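Take a look at the structure set out below.
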Amino acid sequence: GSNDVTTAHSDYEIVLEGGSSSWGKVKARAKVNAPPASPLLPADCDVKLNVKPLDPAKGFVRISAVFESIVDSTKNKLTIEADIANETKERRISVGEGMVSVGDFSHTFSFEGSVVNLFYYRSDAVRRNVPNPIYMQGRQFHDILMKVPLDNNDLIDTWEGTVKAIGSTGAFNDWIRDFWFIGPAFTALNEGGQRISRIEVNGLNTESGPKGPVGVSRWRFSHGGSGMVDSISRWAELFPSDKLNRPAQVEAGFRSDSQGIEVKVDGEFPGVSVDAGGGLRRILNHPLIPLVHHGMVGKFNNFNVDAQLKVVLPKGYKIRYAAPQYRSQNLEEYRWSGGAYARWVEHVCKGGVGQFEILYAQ
Amino acid sequence: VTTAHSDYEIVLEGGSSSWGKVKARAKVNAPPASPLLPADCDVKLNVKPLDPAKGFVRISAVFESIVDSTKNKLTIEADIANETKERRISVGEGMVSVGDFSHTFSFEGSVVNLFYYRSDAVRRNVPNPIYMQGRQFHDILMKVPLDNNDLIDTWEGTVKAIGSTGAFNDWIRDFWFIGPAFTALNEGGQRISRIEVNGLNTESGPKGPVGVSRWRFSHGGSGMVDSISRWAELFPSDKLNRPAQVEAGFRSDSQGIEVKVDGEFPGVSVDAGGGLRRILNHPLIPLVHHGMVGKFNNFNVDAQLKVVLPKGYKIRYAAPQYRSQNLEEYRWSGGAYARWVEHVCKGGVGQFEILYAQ
Amino acid sequence: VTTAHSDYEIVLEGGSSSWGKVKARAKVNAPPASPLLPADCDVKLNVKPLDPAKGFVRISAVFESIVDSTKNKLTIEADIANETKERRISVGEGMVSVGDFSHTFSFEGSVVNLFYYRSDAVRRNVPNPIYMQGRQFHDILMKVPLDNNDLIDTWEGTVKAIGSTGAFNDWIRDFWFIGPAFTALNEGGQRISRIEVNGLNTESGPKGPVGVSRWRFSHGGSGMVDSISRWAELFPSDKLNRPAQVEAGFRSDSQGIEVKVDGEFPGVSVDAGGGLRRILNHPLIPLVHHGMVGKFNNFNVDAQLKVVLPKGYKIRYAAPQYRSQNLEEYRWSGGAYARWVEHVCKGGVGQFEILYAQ
Amino acid sequence: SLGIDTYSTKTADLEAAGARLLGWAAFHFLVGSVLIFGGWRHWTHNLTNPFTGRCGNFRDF
Amino acid sequence: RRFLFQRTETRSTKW
Amino acid sequence: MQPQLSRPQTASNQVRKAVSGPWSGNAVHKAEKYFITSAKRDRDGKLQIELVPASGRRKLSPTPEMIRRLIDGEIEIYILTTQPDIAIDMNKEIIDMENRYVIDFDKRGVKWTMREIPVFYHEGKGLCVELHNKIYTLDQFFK
Amino acid sequence: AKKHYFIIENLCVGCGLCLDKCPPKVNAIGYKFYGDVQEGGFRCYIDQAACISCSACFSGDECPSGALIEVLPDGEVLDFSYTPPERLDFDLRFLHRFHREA
Ligand code: BCL
Ligand code: BCL
Ligand code: BCL
Ligand code: BCL
Ligand code: BCL
Ligand code: BCL
Ligand code: BCL
Ligand code: SF4
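Residue numbers (the authors' numbering), protein chains in the order written: chain H, 5 to 366; chain R, 9 to 366; chain X, 9 to 366; chain A, 123 to 183; chain Z, 47 to 61; chain C, 1 to 143; chain E, 129 to 230.
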């Protein structure tokens, strides 16, 4: 006899590219024999990310995100075609359109959005003295022009309910955050240091569209981060459009059958390898928000994780200062398993944000 | 070792009835996260209809506790009724005693619960909605006789503070939610709006001055909050027909937690839709609130759930599956059920639905 | 595996003295939750009184650190005194250096701490109260010479942002809590009110421009915040008769944390009534803060607490119970004490109080 | 057939036969203890060598 | 439909 | 039946009085079983509820007397969701609720699924039926 | 025809005695499983599109749980072809012969 073991199995594979290229094939599978922290089970999801460079003249990229989900017999779907570009080093624009379908209900949307990510400070004493700055506080200002046709009965009902709420309730600007973070989303808001400012609305109106009424909503909101927020603190290089020359794809999914979680993650996208100076590169240091958010669900069952990381490097590139140390080296591919790496994997599955830096050069 | 023993029994009633005998035991040999110990508590609840012609039920709750050799008692009686589908009204009194000090209170309050949306696309596509965001608008009128000099001191200090600072509305939340209650508010999705003190006036009542204070607040929910998302479920006034009793209480010290809760009340089993009954979806706020306090020790769990259906009542879709059966006395133990019990004792939110029907 | 080893020592002093040497060691094999590794610290807190005439005490703090090979230092000395029972006044200088950059600063800060209530009902009934909800009001004037170019750039950017942006007074809390500091703000119960700035002026001092900032804020706590609920106990000037020093620091790598703490200061023991003393109640902020970071790896703990009472003192009601009383040499290890150590390491705030008298 | 036991009617030969049987039984106890230890140690997914302190990856070794 | 297969399963937690 | 002669966890809803009950009427029903067979709207907005027993001999109405006999644990009332005087879309509500846990090997078992839903009486609201976590009333609402 | 028959998937135990009496040329009655049959997960249904109002399923008087109903053409819902007369009952014990009461 022993304690509640609840083993968790997962493997991770990273294959990088040489030279100035920052691409990387990420491949991850996982299996946890623990009940997922979802109030509706079983859950399924099939996440598709597709990216293609539109025109490098100024930076258009065509990003497509398709989410298909099965949650307690409810078939959920949401697709987003979007044309994102960096109009300025500090300002990002996007013209997009998509649809969401739940069971039989489905409504299309088209949006013209602009996000401005401003860091509170630009002190040189931080840049030249901190070689690897993790936290960097800032604030993103969203400005969204979303147009939703109203061809269903519930679309119309939602529209007049919303306009009545705006006209009558004077607190709609901040009470929208309660509806707008379903369940534990608001709790995860604080975990990453995300503060949602009250939304400010330029107006709701409807006009005769191509085939019917179209609800057009101009609203702005801003969210500021204490340093964990990867959408803020790492804004510039979370969108590698300058170093994108060929189509990028990520295929993810999980099975949430109330007796375990089975995860399948693919990946082909630039930015995986980020330079560290002096010809030395590194895997991009881990995003803070995924770890901190998954800590909100990974601490309910104690588990003996059985992890396996497999990093594959291009010809000539040799790894140095991998902490924790790589278990083995088969010529050019290094492997992590057990010992300190398994402890780090458990640490980050329970929400920890410990540093695991992989540095490599030639 | 730190083994967590617990036996749960659910005995349901059939037909249109939704009642259920719920008795549970817990024996955890771990230190409680109470800054004051030992913390021994006794909780007794009762409710009975007053006049079901318009919904009044007389609900009485007595809390008796001894925390670090400090005998604490709180008795409350209320006459709660659903004035409207979204509005509820109540009136009652009570007393609060700590050691030698004891101040009695009488009150009248109305709680109005709003949902941010009422879309029927969600209703006709989500068979078991769980997360339902909304906002409760408490409107509380409470009168407290001021007999002790300590009552005079509290009242005078409170009125002077309200007159002095303009940030009393938001700084009261620091006082209102003592200790980790404030963190529990945020983790459960709750948000307390700045209270609107509508007037603090004292008048000479029957025997002395009585502090009558109108105030209201609007506490919202991200979907997890039980008081909003299941407003019509937590108060089964329509399906109450006899006195309903719940006797909880824990004996706790520096080296163990012993829990024994009894129960008799409707709403244990709710119709899942189209004649299919189910155990009510687990109230999420107790789970998440035990979340900050159940994660401090790794524990071995041997949890036994003994669900006794009424005669003729079969089961379908038990997840985790029932371990053993005796034709009614379905039993959950070990395997995936003990795993789910550990999950929810450490703060988990994972679903365990029991869809039963004859 | 993840074995955790730690030894705690508390040798006390008798009579009216509450003094006690507290030196502790800790070894953990679990990775720390610092996004930059390896991270090291050296902390040196030294306190000596200027003169009992007005309560001024010199307090010097040195924070040497090396995170990701980046050299960090923070040396501050300040004359701190309680001018009233609720308000504290401080004047001091200091310097902060990161790598080659360094800026010295001077400040004159006065802090007043106000409880929401001072009812005699609580004080005469609760013998060991823990939670005191209240607001602590900060008032800082800080002057920083602008000698290097980066200080001038920060000063100009800040004055431009405050003059232009109207949301600075609450967006400063985003910048002003590095990373998890913002989450620990609410996980411990703190509320930082919007800072209000009385002015950002500058003048030529001994050698060049000095950035003078006159700002103030107030942080409110729900009871766990020890900087509020224990305001009279964090700063025991009356019982400081000799210089008190506390040396501490950890050597943290990618696969372990090595903690050494050395201490010699008053306030280790607090009277409990009738000539009976006790170890001070554990500050809940460190426990609830380390819980945010000490739950990422399951660990087996091997902890040894060891208190050495003065001659004639004997512990009564140790909970959990001690193991061996080799005279005044009392020791805790394993059993329930190891469970409580894991409890507090994971964030628990359960009572482990040690009572003794002569 | 392996010679560990004998079809011998004399007591002295059965002395050696019983000695061989006892020795093989003790060897079986030792190997079974090691093998049960390994079965437990695989059953808990903690293949770490207790002497040198390394681990062992079931999926690649 | 993956839920349906788990829904329509006989109790497999027998001793 | 006596509590000490019955299966341990038996409620008064399933404990039958009239110790020789099973041979007095249908043996399936411990208490007399009535069905809501019609709910029509005539003249004013009030609807006429028709309680025909499972024996099918009478055509009754809720009435204070049968309401008292209900709340005294002597009779039971059901609706038979296939009732044509329904307000909610039971055919879609039954079908999409069986689609959660029923696999159509026959491809028509879910389509032709009909079930009975019990009716209880509170007082402030009349004969009210609790369906899909919501308490409908026969007076208006549910029909 | 009129007087449709139906099956309540709330009393039915799936015994299929109703199906035994349904004419093979009209598969009015069938089976739905939705789980294991050891827990009553084999209820029966009546395909009202195929049912031709035979009365065979109901008039056979074999439904043990009273799931077959035969709603009458107007509104009346039966449960079994004939129902006992709902009698008041008592135990008759004589005074000082045969029995002695007490
Ligand atoms: C998530 C944290 C912040 C946030 C941070 C960002 C960031 C950062 C960006 C935006 C951007 C956008 N945001 Mg925003 N924004 C958030 C919440 C919102 C919400 C909402 C209702 O909650 C809305 C309407 C918007 C609206 C918008 C539009 C203005 C714009 C385009 C989105 C897009 O194309 O979708 C498409 C949908 C997806 C691609 C789904 C995938 C999303 C996840 C987070 C991406 C995972 C990437 C994966 C790890 C690796 C990808 C590799 C593959 C090659 C793609 N944001 C939250 C508060 N927002 C983009 C912009 O700047 O527009 C100008 C942008 O770069
Ligand atoms: C920004 C998020 C996506 C979106 C994603 C979803 C998702 C996900 C769901 C719905 C669902 C529904 N959608 Mg939609 N939906 C959006 C835009 C709209 C608009 C509109 C005028 O723009 C309308 C009328 C609707 C209408 C409807 C609701 C009637 C319906 C169920 C209620 C619900 O919670 O919805 C949520 C409504 C919104 C998030 C936007 C409400 C827009 C209002 C009318 C106008 C903007 C008001 C204010 C300025 C915006 C505040 C911030 C928003 C909350 C993000 N959607 C935008 C494009 N929609 C449900 C469904 O499809 O099947 C059940 C559901 O689960
Ligand atoms: C190692 C993991 C252990 C574990 C570790 C702990 C620890 C550690 C602790 C507990 C504690 C508790 N655990 Mg546990 N617990 C576990 C397993 C269990 C099991 C089981 C297996 O069956 C059970 C039944 C419990 C049950 C309990 C409760 C008895 C107890 C806290 C009481 C509480 O709810 O008060 C609820 C408290 C409140 C609601 C007070 C609210 C105060 C605020 C200021 C008022 C808010 C406003 C108010 C809501 C307004 C009301 C208005 C009216 C609604 C109108 N635990 C796991 C196995 N558990 C805690 C305890 O108290 O121990 C003594 C504790 O310290
Ligand atoms: C707890 C979560 C929400 C909340 C949700 C609700 C809900 C929901 C309701 C109220 C209602 C009321 N609330 Mg409120 N309310 C909260 C915080 C407060 C606070 C405060 C100082 O914090 C106050 C003064 C009030 C005041 C009031 C009164 C006006 C009124 C009923 C008082 C009473 O019956 O007490 C008696 C107190 C108890 C009986 C003690 C036990 C309390 C717990 C929550 C009951 C557990 C029931 C148990 C799970 C099942 C056992 C039931 C058995 C059948 C007996 N609320 C918090 C923010 N409040 C009621 C109303 O509508 O009035 C019109 C109502 O239905
Ligand atoms: C809503 C909560 C319950 C209540 C429950 C408790 C509890 C629990 C305790 C006390 C305690 C005390 N009560 Mg009382 N008490 C209430 C109403 C009152 C009123 C009043 C005019 O209404 C007064 C003067 C008092 C007086 C006193 C304090 C003098 C005394 C010890 C200090 C303290 O903890 O205060 C607590 C103060 C409050 C909980 C409410 C104070 C109300 C003020 C004076 C007037 C209302 C101001 C504002 C409109 C309401 C703000 C919201 C509430 C703060 C939640 N109570 C209401 C009915 N009371 C303590 C005790 O009994 O032994 C130590 C204690 O632990
Ligand atoms: C930490 C929780 C509260 C807080 C609670 C307090 C308390 C309590 C006090 C102050 C005091 C001060 N605070 Mg304040 N204050 C906080 C955050 C801040 C911040 C900021 C940028 O965040 C600032 C600028 C200030 C500014 C100030 C100055 C006005 C003042 C003098 C402190 C000093 O000189 O060094 C003093 C600090 C040290 C020299 C380093 C030691 C700090 C650590 C935390 C103490 C550990 C004590 C150790 C466990 C045992 C001590 C034994 C040794 C013998 C010393 N506070 C946070 C929000 N603040 C002091 C005052 O009143 O001045 C009038 C005071 O007593
Ligand atoms: C209370 C905090 C300590 C302090 C502790 C640190 C620490 C720690 C660091 C710096 C660092 C730097 N310091 Mg300094 N520094 C202080 C006072 C100042 C003042 C000033 C006019 O008072 C200036 C111009 C600077 C300038 C600089 C920045 C240019 C530089 C890197 C940006 C950074 O994050 O800074 C932090 C900025 C602040 C915390 C104070 C900014 C003050 C502004 C200009 C005026 C006050 C604005 C407002 C009225 C008060 C708001 C609250 C404050 C944010 C506390 N410091 C005060 C005395 N300073 C970095 C360094 O040394 O090497 C990289 C760094 O890591
Ligand atoms: S009436 Fe005839 S066709 Fe209809 S179900 Fe009965 S036997 Fe079959």
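Every residue gets a Cβ at the ideal spot worked out from N, C-alpha and C, and that includes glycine.
Are any of the Cβ atoms in chain R nearer than 8 angstroms to that of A27/C? No, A27/C does not count as interfacial toward chain R.
The alpha helix (DSSP H) spanning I170/X covers which residue range? Looking at the DSSP string, the run of the alpha helix (DSSP H) that includes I170/X is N157 to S172.
Using 7 angstroms as the cut-off, classify the Cβ of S127/R as near or not near the heavy atoms of ligand 2, replying yes or no. Answer for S127/R: yes, Cβ within range of ligand 2.
Going along the chain, which residues of the stretch 104-117 of chain R sit with their C-beta nearer than 7 angstroms to a C-beta in chain X? Of all residues in the stretch 104-117 of chain R, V106, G107, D108 and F109 have a Cβ within less than 7 angstroms of some Cβ in chain X.
Compare the beta carbon distance of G219/H and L154/H with 8 angstroms and say whether it is the shorter of the two. With contacts defined by Cβ atoms closer than 8 angstroms, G219/H and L154/H form a contacting pair.
Which ranges would you report for the beta strand (DSSP E) in the stretch 46-98 of chain C if only whole runs of at least 3 residues count? Entirely contained in the stretch 46-98 of chain C, the beta strand (DSSP E) runs reaching 3 residues are, in chain order, 47-53 and 75-78.
Does any CB atom of chain H fall closer than 8 angstroms to the CB of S127/R? So, interface residue.
Quick one: give me the first and last residue of the alpha helix (DSSP H) that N177/X is part of. Counting along the chain, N177/X sits inside the alpha helix (DSSP H) bounded by residues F176 to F183.
What residue range is occupied by the uninterrupted alpha helix (DSSP H) comprising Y345/R? Following the DSSP letters along the chain, one finds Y345/R inside the alpha helix (DSSP H) bounded by residues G343 to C353.
For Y159/E, write down the residues that DSSP places opposite it in a beta bridge. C172/E, per the DSSP bridge assignment.
Less than 8 angstroms between the C-beta atoms of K160/E and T113/C, yes or no? In this structure, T113/C lies closer than 8 angstroms to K160/E by Cβ.
Can you check which of these residues, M232/X, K247/X, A326/X and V309/X, is closest to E361/X by C-alpha distance? Considering only alpha carbons, the answer is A326/X.
Contacts that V119/C makes with chain E (C-beta to C-beta distance below 8 angstroms): Those within 8 angstroms of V119/C in chain E number zero; the least Cβ separation is about 14 angstroms.
Mind listing the chain R neighbours of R57/Z? Cutoff is C-beta to C-beta under 7 angstroms, in chain order. Close partners of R57/Z in chain R (Cβ separation under 7 angstroms): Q329 and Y330.
Since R100/C meets chain Z, which of its residues come closer than 9 angstroms, beta carbon to beta carbon? Simply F49, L50 and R53.
Top-ranked residue by Cα proximity to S262/X, from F64/X, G320/X and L45/X: Of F64/X, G320/X and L45/X, the residue nearest in Cα terms is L45/X.
When you compare each of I88/C, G25/C, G126/C and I49/C to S38/C by their alpha carbons, which one comes out closest? Of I88/C, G25/C, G126/C and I49/C, the residue nearest in Cα terms is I49/C.
Neighbour list for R339/H in chain A, Cβ cutoff strictly below 9 angstroms: Close to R339/H, with beta-carbon spacing below 9 angstroms, are these residues of chain A in chain order: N179 and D182.
Does at least one heavy atom of ligand 7 sit under 7 angstroms from the Cβ of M150/X? Correct: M150/X has its Cβ closer than 7 angstroms to ligand 7.
Beta-carbon of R163/A versus every beta-carbon of chain H: anything under 8 angstroms? By this cut-off, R163/A is not an interface position.
Could you say if the stretch 59-70 of chain R and the stretch 134-153 of chain A meet the contact criterion of at least three C-beta pairs nearer than 8 angstroms? Touching, no, given that fewer than three Cβ pairs across the two stretches are closer than 8 angstroms.
Mind checking who residue 386/H pairs with in its DSSP beta bridge? Any answer about residue 386/H is impossible in this case: the structure gives chain H only from 5 up to 366.
Cutting at 8 angstroms between CB atoms, please list the residues of its own chain near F190/R, excluding the five before and the five after it. Cβ-Cβ distances below 8 angstroms link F190/R to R181 and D182 in the same chain, with the five nearest sequence neighbours on each side left out; the list follows chain order.
Counting only runs that start and end within the stretch 36-65 of chain X, where is the beta strand (DSSP E) found for 3 or more residues in a row? Listed in chain order, the beta strand (DSSP E) elements of length 3 or more contained wholly in the stretch 36-65 of chain X are 47-57.
Spatially closest choice to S61/C from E98/C, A31/C and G126/C, by CA coordinates: Answer by Cα proximity: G126/C.
For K268/X, which of helix, strand or coil comes out of DSSP? In this structure, DSSP gives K268/X an extended state, which the three-state scheme calls strand.
Could you tell me the alpha carbon to alpha carbon distance between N91/C and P84/C, rounded to whole angstroms? If you draw a straight line from the Cα of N91/C to the Cα of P84/C, it is about 11 angstroms long.
Would you kindly check if the distance between the Cβ of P39/H and the Cβ of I138/R is under 8 angstroms? Going by C-beta atoms, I138/R is not nearer than 8 angstroms to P39/H.
Write down the C-beta distance between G22/H and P318/H rounded to the nearest angstrom, noting that I regard them as a contact closer than 8 angstroms. Contact between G22/H and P318/H holds, since their C-beta atoms are separated by about 3 angstroms, short of 8 angstroms.
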